[PDB]
Structure formats: structure tokens, C-alpha cells
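Please treat every number below as a calculation from the coordinates, not as lab data. Positions of Cβ are generated from backbone atoms using ideal geometry, with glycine treated the same way; all protein chains shown enter the neighbour counts.
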Ligand SMILES: CO[C@H]1O[C@H](CO)[C@@H](O)[C@H](O[C@H]2O[C@H](C)[C@H](O)C[C@H]2O)[C@@H]1O[C@H]1O[C@H](CO)[C@H](O)[C@H](O)[C@H]1O
């Protein structure tokens, strides 16, 4: 049942803006948080932010706040992350994960790779 | 904000109990930090293991348990199996951020 399906690979140029998405299926979208995790080889993992589709509440990592916008569309059970001002530091694999009270990711999407070049 | 620290690498044998720890640079990990543990398998395969310090995620084997031991959050694997060979990441909720440890690579000896 539970599926978090992410959009595909993105190649973009420095200074551009990209929007990535995660479609959730197999659970009620408005009873869970959707978190976004960045994995950069070597660097390990970094949390970007989270949105609760039930009332649109968001938490952002202070590092990413200006450059990230998180949204969700409940009719399509899809969450979006828009990143702007891309630099080479943004090249990484991005994951959507399902969270709730006390946890950020019981189910993880497959990862979407972003290369800025 | 805080720095979260884990052992870089541990080796165990099949059938042994192994414990992995997770520390906060503030000196102690509390229940309010909701310590989370996830497993990374080859090919970017991530499985959520433990949330809110000791709650096993859906479908996780009973040999995995989480708790607070002393000043640290801990993941204990009672009776390690070869399939437990993986990287384990701890994350703590601190000042409204999830902050990740660097991961512990666990080596296990031997061969809808
Ligand atoms: C509205 O969301 C806050 O409150 C609910 C109900 O208590 C918590 O479940 C929320 O915490 C979860 O979601 C965030 C994004 C993290 O993944 C941690 C999860 O437990 C969230 O709690 C935060 O906000 C409240 C204020 O409302 C407090 O600051 C609390 O310390 C935070 O955890």
C-alpha cells in the first residue's frame, strides 16, 4: 500500500530554480507530515523542512529558509519542494519521507538526483 | 545547532548483541529529542527503524530496540544477523530542527 513516488532526475544550471515533487499513495495524506532530506556524498544527511498537509503548517531548516518553498496539494496528494539560487552545493539526492508525531521518516521515497552544472 | 555524534564503525559477530549510541553536544539526549534511527542499505535503500526514542517502525524485526542509556540515545540489536550489515543514522529533534549524526557503519563477521 504505502508508496511515496518521487519525480525524476534533474540537471540544472547555477542560479536557476527547480521544483521537485512526491506523490503519496496508500495512506491518508492529511494525517502525516512529509519531510525533505538532502544526502550529499561524504557530507551525510541534512533535513530541509517539513509540511503537514492537514493545515499547511511548515518547519524549515534555518539554513534553507530563504531558498526553499514547501507546498502540498491535497486533491492530488502531492508535496512539492522548490529550490532557487542553485549552486554546486545543491547537487545531491533529495528524499521525501513520511513523518508523524515523534518521527520524520518511517517510509522513504527512492531519491531524486539533482545535478547543478 | 547542536552537533550529534555516533561511532563511525563497529564490528560484531552473528548472534551477539551490539549497541549503537547517539550523543548531543549539549551533554544529554532527552525524551523531547524524539531520537530516530534509520538504516541505509546499498543502493540508497532507506528503512525507518525507530521513532520517538523507542517506538519500532512498521515491520521492523523485534531484535531492534531503542532507549535512552545514561546521557545518550541507543539502538540495541539483540542477536545481530548478517543482513544487519548497513549504515545506521541517528537524528535528534533539537530547536525545531532534525539534526543527523554521521552514521555508524556496522560490519557483521562471516558469510502492501
Ligand atoms: C503542529 O506540530 C507540532 O505539534 C505536534 C503535536 O504535539 C507535534 O507532533 C509536531 O512535532 C512533529 O513534527 C515536527 C515537524 C517534527 O518532525 C517533530 C515531530 O514530533 C510539532 O511539534 C513541534 O512544535 C510544537 C509547537 O506546536 C513544539 O515546538 C514541539 O517541541 C515541536 O516538536
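Worth a mention:
- Whole-number percent relative contact order across chain A, with pairs defined as alpha carbons under 8 Å at least 6 apart: 36
- Dimensions in Å of segment A:48-117 - Rg and Dmax from alpha carbons: 12.7, 38
- Sequence of B:93, A:108 once ranked by neighbouring C-beta atoms within 10 Å, starting from the fewest: B:93, A:108
- B:56, A:65, A:13 arranged by Cβ crowding within 10 Å, fewest neighbours leading: A:13, A:65, B:56
- For segment A:1-97, the Kirkwood hydrodynamic radius comes to 13.8 Å, computed from all pairs of different C-alpha atoms.
- Annotation: the residues A:18, B:4, sorted from fewest to most other C-beta atoms within 10 Å of their own C-beta, follow the order A:18, B:4.
- The share of alpha-carbon pairs in the protein assembly as shown lying farther apart than 34 Å comes to 13%.
- The Cα center of segment B:3-33 and the Cα center of segment A:71-117 differ in position by 27 Å.
- Taking the convex hull of the alpha carbon positions in segment B:1-49 and averaging its projected area over all directions gives 5.0 nm².
- Cβ-Cβ FRET estimate between residue B:19 and residue B:81, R0 fixed at 25 Å, reported to 0.05: 0.95
- Here chain B has an Rg and Dmax of 13.4, 43 Å, counting Cα atoms alone.
- C-alpha center-to-center spacing [segment B:67-81, segment A:1-62] in angstrom: 29
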